[PDB]
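For reference, the structure is listed below as structure tokens.
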Ligand code: HEM
Ligand code: HEM
Ligand code: HEM
Ligand code: HEM
Ligand SMILES: [Fe+2]
Ligand SMILES: [Fe+2]
Ligand SMILES: [Fe+2]
Ligand SMILES: [Fe+2]
Ligand SMILES: [Fe+2]
Ligand SMILES: [Fe+2]
Ligand SMILES: [Fe+2]
Ligand SMILES: [Fe+2]
Ligand SMILES: [Fe+2]
Ligand SMILES: [Fe+2]
Ligand SMILES: [Fe+2]
Ligand SMILES: [Fe+2]
Ligand SMILES: [Fe+2]
Ligand SMILES: [Fe+2]
Ligand SMILES: [Fe+2]
Ligand SMILES: [Fe+2]
Ligand SMILES: [Fe+2]
Ligand SMILES: [Fe+2]
Ligand SMILES: [Fe+2]
Ligand SMILES: [Fe+2]
Ligand SMILES: [Fe+2]
Ligand SMILES: [Fe+2]
Ligand SMILES: [Fe+2]
Ligand SMILES: [Fe+2]
Ligand SMILES: [Fe+2]
Ligand SMILES: [Fe+2]
Ligand SMILES: [Fe+2]
Ligand SMILES: [Fe+2]
Ligand SMILES: [Fe+2]
Ligand SMILES: [Fe+2]
Ligand SMILES: [Fe+2]
Ligand SMILES: [Fe+2]
Ligand SMILES: [Fe+2]
Ligand SMILES: [Fe+2]
Ligand SMILES: [Fe+2]
Ligand SMILES: [Fe+2]
């Protein structure tokens, strides 16, 4: 029933969500293990956000009579310190929004306006995540790494 | 994440229209209150607040895209001298604003800035509600006559 | 009805308020974009204060049968970092209080004691803003810039 | 602490103005209520109460300064015979009242009676609000017409 | 329905007495407060308020009967210079007032204005209660001595 | 910096506040020791009022970049019975209000309208205190001293 | 019941120390508030209030013992120009105060004034808590450094 290429786009977006879920969940637990509990808590909520995006994508693919692909897990970008982990999440988000833009073009082209609207809501949420990440990396420059970690020790 | 230079230019143009509307509607609100047309005064005040919140969202989007919000350049206020002119001045300003919103949305679509498009569409919906109010008021002036129209807008 | 020179004074104070509104609002949003949320929220409230002063001046000019001038916008002093932004706000406030003092003198001279009282209330509010700004700049000297910014990350 | 003789005279002159306004506004209030213009009657009643409170504060200040409050001499009431004259009568009284308040404030400043000045400025602020109200009503009568204006002030 | 001309004159005479009493009691009230005799001051304030309410009722009745309430003519205030004289001044005013009320009630009866009669009787009951208070206070001054009486009225 | 002569006036007003604080507090505790608890409680609250005036003066002097002078303590006028104590407080207030008027004259001359407004608020409170004191002295004459003390035994 | 003359002198000496501490701690509090170190400012304000309560109890005790409290003679305030000196100044003032309290308690014990001794012991306990706070703060400045210490006392 749904357009084969829209479903292929939705499964590509879903694949990015599945990478983001695992990467942000692991970073969260790394920050909690290091005692950087404010970073840990925020990253956990970012993980949950991705989980909810994946759920909406799976439901849409099934409604369109496609097969959701949860088998293919791309590359996790795992950092070894706070600065690399923030940059790894940012790199993942920039790749995610590029794929969202191309999927939205295709939805418009075949007149799947409901799928386009779902993807635009996901895109809004990803750009809020980019905003957060760029702000944090900018704060590290303004106050220095050690001061930055200090302000994120306690929730 | 650096935004398209021409999208930022469009957003600064919309922002410029918002800043005109903030000042024009606020002055109109206070003129009507000074005349004792408090119902008009209060409605116009809330329209001004609406423009203020639009400007806030635009300023925040421009900064996220790493552009410079322009709050320095203030175009021409259309200040009326009586109720009928003030309503028509607001309508002329809204019709220009929606023309500029349509052109900005077109450009956002071309460069795939779908989040900026969505912000502009939300602002555009609100301006069309403002046009609906203004055209409705001008029609009521014709149906009941000016003095009757003012009479019904004396009390809040 | 009201004295023509008093109305010009009131419109000049109004002109200073309109500059302050835009400058503080922009500075607030700049600080929020940088993640300095305590600075951003305080500066937003300063912006809101100027808005209420402007409202009071517009109402008084209309009662005096004058024409409020919301058309002429003087020069915004936008800083590029926290220390310049604070200094730009301080420069703007010191000019605003100079003009308030000259306006109060004239109101006294022509016996417009109600306009004088309105202007004295605004002046009290401006001096509290000056106290805040000079205190912030002194704290930057006492604890250092990076420590100062660290204390204003979270609201 | 005996007050300045000329400050007390000014304070007694202001009090004399309050006493006229009390009686004038109260009678106008009851005239409007008798005519069934209850919104005008109620607003005018509250203006009368406000003048009563001004008189109270002046009387208390005169006694503290060891003067004799004069409640015996009642100047001329300006009683109108219709709504438009009544508003104009109240406005003429308020314009005279504010002229006298301004001269009293000048004199308080000259002899350094800053507390009396501050009392008089609070009264002056309240009288200028009443002038704002009166001029607005007279403006509305021109904009909507007398019969329409009275219509909107029948019910509370 | 226009009221009897002589009844309206009687009502305006009663109104004139109320206006004297309002000002006399208000000034006496503030004099006692200024002297720190706050219980006397507070009781006298409430007497003043009662006269204000009588005046309001009279003004309303005169207007209903299509007369002109006279708030312009203010008779002689009897201001005392100490507590005993102030109480006696109030008592002298109350006795003059009840004589005028009695004469007004007789005329109302003759021309069958029974509603005006009933209003005046209510006012008279209240005036006789004030006479009861004043005579009681003057008697207490005799029984306990002046200094003890004032001591008893320092605090509210 | 604030005007040098305004600051000097403010330190003079402060010096008077510091005398009243101690004088009224001591009188309050004397009346309590004598069992005149109503006088003691009222005098205590007058002492507290002066403490609040002193606080507002200290804060304004610091804002103007002056040095608050809490070191120089002038002459306390301590009475030995109720009538002298009330008269000592009254003499102190009359001296205080004379100095307030001269300070307000100076504020007006140099356009320090906020300092003027603060001093005018202090003067209003001092004239309320003068009202209380003259009223009490008048009551001692009207009812006699022993009757006056009787009425001030209980709170 | 006349107290021992030397006990009263000791109490007036302790009182003299409290009066210095009131003024010094209040000024330091307002200096810290003026610099934006609001946590230091608030804590120092409460230390000032503590000394005010000590002074009150001493004054009451001196009067009960039929002495004359001396609020006239004010010793030397130790005012610092920065946080570390202000803290050291309060600490130097507290060490002098506790030395005088110990000597007063010795004398109270000698003449069997056990109630005055117990009052002085209560004050001494409170002064030793203040010394604990001051020494802890000075120790923290060494452990974390001055800029970090000030940083942690900016916000209440
Ligand atoms: C791969 C590792 C994952 C981990 C470690 C993980 C962990 C969690 C945790 C700890 C919670 C909170 C549960 C609770 O305490 O109530 C949660 C909630 C949730 N998860 Fe996951 N999750 C993972 C993957 C996924 C995936 C792949 C999906 C869907 C495709 C998903 C969907 C959800 C949803 C819908 C919720 C409820 C969110 C809400 O509060 O609305 N999760 N997950
Ligand atoms: C002539 C210039 C302006 C005037 C007279 C004005 C007036 C006001 C007033 C009276 C309020 C109500 C505040 C309160 O009572 O708490 C307000 C709120 C507000 N203003 Fe303005 N304003 C002006 C310009 C601006 C500008 C340029 C902006 C932003 C770009 C702005 C943004 C806001 C916002 C965000 C609020 C809060 C609205 C809400 O309730 O969500 N204003 N303004
Ligand atoms: C024709 C003369 C006057 C009339 C008809 C009048 C009438 C009234 C009335 C109806 C009230 C409300 C009473 C209540 O319901 O409790 C009132 C209140 C009051 N009046 Fe008068 N009054 C007159 C003159 C005065 C004067 C000469 C003074 C003072 C010098 C005065 C002082 C007051 C005060 C202080 C109140 C209470 C106001 C408040 O705080 O609500 N009145 N008057
Ligand atoms: C010398 C300058 C002084 C200043 C600036 C000052 C300031 C203050 C302030 C601001 C308060 C709080 C008042 C309130 O809002 O409740 C206060 C309370 C108090 N003061 Fe003072 N004070 C001073 C001297 C004194 C002295 C010399 C004494 C006693 C001899 C004293 C006794 C008290 C007492 C008993 C309280 C009430 C504390 C409580 O709540 O238990 N003060 N003071
Ligand atoms: Fe996502
Ligand atoms: Fe495609
Ligand atoms: Fe949607
Ligand atoms: Fe994301
Ligand atoms: Fe911890
Ligand atoms: Fe808008
Ligand atoms: Fe374009
Ligand atoms: Fe949206
Ligand atoms: Fe609009
Ligand atoms: Fe409407
Ligand atoms: Fe109205
Ligand atoms: Fe302002
Ligand atoms: Fe001028
Ligand atoms: Fe004011
Ligand atoms: Fe300001
Ligand atoms: Fe801060
Ligand atoms: Fe954070
Ligand atoms: Fe008035
Ligand atoms: Fe004069
Ligand atoms: Fe005031
Ligand atoms: Fe008035
Ligand atoms: Fe009706
Ligand atoms: Fe009566
Ligand atoms: Fe008769
Ligand atoms: Fe009846
Ligand atoms: Fe009576
Ligand atoms: Fe008392
Ligand atoms: Fe004081
Ligand atoms: Fe001077
Ligand atoms: Fe003020
Ligand atoms: Fe005082
Ligand atoms: Fe007792
Ligand atoms: Fe102590
Ligand atoms: Fe000893
Ligand atoms: Fe004990
Ligand atoms: Fe201590």
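General observations
- Across the stretch G:55-70, a minimum of one residue is classified as under 15 Å from the mean Cα position of the chain (by Cα) and within 9 Å of chain F (Cβ to nearest Cβ).
- Single unsatisfied condition, residue G:72 versus (1) surrounded by 16 or more Cβ atoms within 10 Å (Cβ to Cβ); (2) in contact with a helix residue (DSSP H, G or I) (Cβ under 7 Å, 6 or more places away or on another chain): (2)
- Filtered residues of the stretch F:52-62 (kept if more than 7 Å from chain G (Cβ to nearest Cβ) and touching a helix residue (DSSP H, G or I) at 6+ places or on another chain (Cβ under 8 Å)): F:53, F:54, F:55, F:56, F:57, F:60, F:61
- Any hit, the stretch C:92-106, residues being within 14 Å of chain B (Cβ to nearest Cβ), farther than 23 Å from residue D:117 by Cβ and either out of contact with any strand residue (DSSP E or B) (no Cβ under 6 Å at 6 or more places or on another chain) or surrounded by fewer than 17 Cβ atoms within 10 Å (Cβ to Cβ) (or both): yes
- Selection count where residues are surrounded by 19 or more Cβ atoms within 10 Å (Cβ to Cβ) and either within 16 Å of ligand 31 (Cβ to nearest atom) or more than 14 Å from chain F (Cβ to nearest Cβ) (or both), scope the stretch G:77-106: 8
Conditions (1) within 15 Å of residue D:71 (Cβ to Cβ); (2) free of Cβ contacts under 8 Å to residues at least 40 places away in the same chain; (3) more than 10 Å from chain D (Cβ to nearest Cβ), marked per residue:
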{"site": "E:8", "(1), (2), (3)": "no, no, yes"}
{"site": "E:16", "(1), (2), (3)": "yes, no, yes"}
{"site": "E:20", "(1), (2), (3)": "yes, no, no"}
{"site": "E:26", "(1), (2), (3)": "yes, yes, no"}
{"site": "E:34", "(1), (2), (3)": "yes, yes, no"}
{"site": "E:42", "(1), (2), (3)": "no, no, yes"}
{"site": "E:46", "(1), (2), (3)": "no, yes, yes"}
{"site": "E:51", "(1), (2), (3)": "yes, yes, yes"}
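- Check on residue D:46, within 24 Å of residue C:59 (Cβ to Cβ), assigned to a loop (DSSP other than H, G, I, E, B) and within 16 Å of ligand 15 (Cβ to nearest atom): no
- A single entry from F:113, F:148 fulfils the requirement of being more than 14 Å from chain E (Cβ to nearest Cβ) and out of contact with any strand residue (DSSP E or B) (no Cβ under 8 Å at 6 or more places or on another chain): F:113.
- Flag for residue B:140 being farther than 22 Å from residue A:98 by Cβ and more than 14 Å from the chain's Cα centre (by Cα): yes
- Here residue C:52 fulfils each of the conditions (1) within 18 Å of the chain's Cα centre (by Cα); (2) assigned to a helix (DSSP H, G or I); (3) more than 13 Å from ligand 19 (Cβ to nearest atom) apart from (3).
- Subset of the stretch D:61-95 [more than 26 Å from residue E:76 (Cβ to Cβ) and within 16 Å of ligand 22 (Cβ to nearest atom)]: D:89, D:90, D:91, D:92, D:94, D:95
- Considering residues of the stretch D:128-152 that are facing another protein chain (nearest Cβ under 9 Å) and touching a residue at least 24 places away in the same chain (Cβ under 8 Å) only, the residue nearest to residue F:106 (Cα to Cα): D:128
Residues are listed down the side, and each one gets a yes or a no for (1) at negative phi; (2) away from ligand 15 (no atom under 16 Å from the Cβ); (3) within 16 Å of the chain's Cα centre (by Cα); (4) not in a loop (DSSP other than H, G, I, E, B):
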{"site": "A:57", "(1), (2), (3), (4)": "yes, yes, yes, yes"}
{"site": "A:70", "(1), (2), (3), (4)": "yes, yes, yes, no"}
{"site": "A:76", "(1), (2), (3), (4)": "yes, yes, yes, no"}
{"site": "A:83", "(1), (2), (3), (4)": "yes, yes, no, yes"}
{"site": "A:90", "(1), (2), (3), (4)": "yes, yes, yes, yes"}
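- Residues of the stretch F:32-46 satisfying the condition of being under 18 Å from the mean Cα position of the chain (by Cα) and more than 10 Å from chain G (Cβ to nearest Cβ): F:39, F:40, F:41, F:42, F:43, F:45, F:46
- Of all residues in the stretch F:124-145, those that are within 9 Å of chain E (Cβ to nearest Cβ) and in a helix (DSSP H, G or I) total 8.
- Test: residue F:75 is within 16 Å of ligand 33 (Cβ to nearest atom) and either more than 12 Å from chain G (Cβ to nearest Cβ) or surrounded by fewer than 16 Cβ atoms within 10 Å (Cβ to Cβ) (or both): no
The numbers here are math on the coordinates, done by the rules we state, and not lab data. Because the Cβ atoms are built from the backbone with ideal geometry, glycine has one as well, and the counts that use them run over all protein chains shown.
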